[PDB]
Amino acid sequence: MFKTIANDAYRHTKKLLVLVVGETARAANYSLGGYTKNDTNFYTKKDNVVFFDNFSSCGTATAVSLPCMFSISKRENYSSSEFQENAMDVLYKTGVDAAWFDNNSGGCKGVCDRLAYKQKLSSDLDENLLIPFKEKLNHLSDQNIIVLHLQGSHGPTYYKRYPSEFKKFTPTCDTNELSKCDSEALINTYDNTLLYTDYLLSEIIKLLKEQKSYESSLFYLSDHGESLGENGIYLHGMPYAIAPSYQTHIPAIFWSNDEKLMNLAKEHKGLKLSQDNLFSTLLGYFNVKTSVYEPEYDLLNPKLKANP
């Protein structure tokens, strides 16, 4: 059975939301949030982006996180067996222009399947996403959501995620055989991947400022965190309930040229939020009218409260 959701949904202003779904990035290594060893957020710091310092993920592996964050279900009631429409289907059926560009080696895990304009790239440098993004910026409609799904910090071959121009933190760990590396070198490599992702964000913002015929927003969040040898744990996917915050505590970053959203975002940044919030935030952004919309979960809505 393929269940439909928000069957009562419907929708003016010229709007553009760029949703960036990250990969393996963990909040603890964001300088936007007070990480001091390496300045990982050098680029988006210059755009005064809003950083959510208390943002959690739905799961500890892509297979749970990616579908769940886009699903109507929150972490406590999500099941992997559910097979139904997600936030993107609701925006599409409600007439919003939806594009999904995927550079992630794992795919969209079924989220993008029913979109008309979706693309899979080769999972090389994330910068390749800027190509179909620029091309979609020519054929915009009145309301658009563009999803960019990053390879981001995918491990264990971290050193392959960024070009030499962003090997800024050294020495590095240029192997998948992570336990052989000094831990500082491993961290440096991991931080470089964050830096590269940070740069790409500000390049997205940079293209967004050339589009002022529209109200433009960037929302970036990771699917989950990552362990880097602390307590002998590597990679991710540890069962959520026993997982270290390294795997569940993720970055979330918002930017808009509409600085009223920018200041609603700034007001919420310290609240206990999570991927649970993505569903209503995405409906709310394109003003989708429906009963499944929960105003107290929309990040860009004054009635937003923290998670229970």
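So that there is no doubt, residue numbering starts at 1 and follows the sequence shown.
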Missing from the model but present in the deposited sequence, between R11 and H12: 1 to 3
Stretch exceeding the other in mean C-alpha B-factor - 138 to 146, 98 to 106: 138 to 146
Mean temperature factor over C-alpha atoms, higher-scoring stretch between 240 to 248 and 37 to 45: 37 to 45
Out of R161, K212, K180, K168, residue topping the C-alpha B-factor column of the entry: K212
Peak C-alpha temperature factor (PDB record), options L195, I204, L228, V111: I204
CA B-factor ranking of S222, expressed as a third of its chain: lowest
Ranked against its chain, the third holding the CA B-factor of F279: middle
Among modelled residues of the same chain, the CA temperature factor third for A25: lowest
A265 CA temperature factor, ranked by third within the chain: highest
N128 - Cα temperature factor, lowest/middle/highest third of chain: middle
